[PDB]
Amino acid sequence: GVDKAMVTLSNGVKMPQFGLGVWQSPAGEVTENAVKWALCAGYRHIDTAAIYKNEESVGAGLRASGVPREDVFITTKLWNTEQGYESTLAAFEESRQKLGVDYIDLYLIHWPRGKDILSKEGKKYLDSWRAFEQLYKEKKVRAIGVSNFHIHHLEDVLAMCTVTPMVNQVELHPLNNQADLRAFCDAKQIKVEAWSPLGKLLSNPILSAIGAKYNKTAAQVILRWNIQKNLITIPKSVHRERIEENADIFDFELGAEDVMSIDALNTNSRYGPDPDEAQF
C-alpha cells in the first residue's frame, strides 16, 4: 500500500516509493492542506524544496496531520544560488528551521546549473556535494542525492565523492522515459525519482484505454508504470480527491503488453528545462 511500498537506498535507508510533490503548491493553507490530506490518506513521503517557498507550510501540515514525524520521509533541496560549501551548510540549516524538524531525511542538489554558468562560475555542485557529505557524517540528514543531473554530471560527482549520491530526481514520464540515465543509475546504485510524472498527456488514447481495462485513470496508469519500473514517484496535487486518487494504484497491475505500449510512447520530449541548457 501507499504507506508500505519502499525502495532501499544504497545506505540502507527505506524511502517510500510514493510521495506527495509540493512543487508549485502555494505557501499557506493550500500547501498545509495538501500535506495534511496526503498524510491522512496514507502517504508517508513529502517532497519540497527551498525554492518552492513552502517549507514552513509542509512542516505545519505534518504537525496538523498528527502522524509522528519519525514515520514520515521529508525531502528538500538546495537551491542553485546557494551552491558552494559554507553556503550549502547555511541553506540546509534554513530549510531545517523552516520545516521545524531536527533532521531531514533526504537533501538534494536541485540542479547542476546550466553549461554557461558552469563555464563561468565553475562546477559549484561539487563543493555543495562535499558539504552534503559533511551534513551526512554529522547525522543531520539521513540520505543525500541530486536532482536534474545527466550522466556526465554524475560522472563528475562519482570521480570525487566519498558518499555516492543515493537518489537522482529527474523529469521522467512516458514521453521522456530516461532509459539511458536509468541504466547508468542502476549500475551505480543511484535510485531514480520521477518529477512531473504525469507530464495533454493525460488525454493520451493509449493511456486511457489501458486505464479502462482496470477501471483506472490515465494518471493512475502512469503512476503504476512508475512503480513497476522501480522508480520513486512524487505526483503533485493540491486537491484532496486527486491526492487520494493518485495513491490508489496498489490494487492493480499492468501486464507486459501494457508496459510495452507505454514504453513505446517515448519521444525524449521535455516539458521542463534541459539541465545542460538552463540559464539558471
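Note that residue numbering begins at 1 and tracks the sequence as displayed.
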item: Gap size, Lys200 back to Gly199 (deposited sequence, no coordinates); value: 1 to 3
item: Residue range whose averaged C-alpha B-factor is higher in the record, 2-10 or 269-277; value: 2-10
item: Per the entry, higher mean C-alpha B factor between 241-249 and 43-51; value: 241-249
item: Member of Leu231, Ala64, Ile222, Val58 with the greatest C-alpha B factor (per the PDB record); value: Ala64
item: Third assignment of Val22 from its chain's C-alpha B-factors; value: middle
item: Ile190, C-alpha B-factor rank within chain (lowest, middle or highest third); value: lowest
item: For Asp71, the third of its chain into which the C-alpha B factor falls; value: highest
item: Modelled-residue ranking by C-alpha temperature factor, third containing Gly100; value: highest
item: Where the record places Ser87 (Cα B-factor, split into thirds across the chain); value: middle
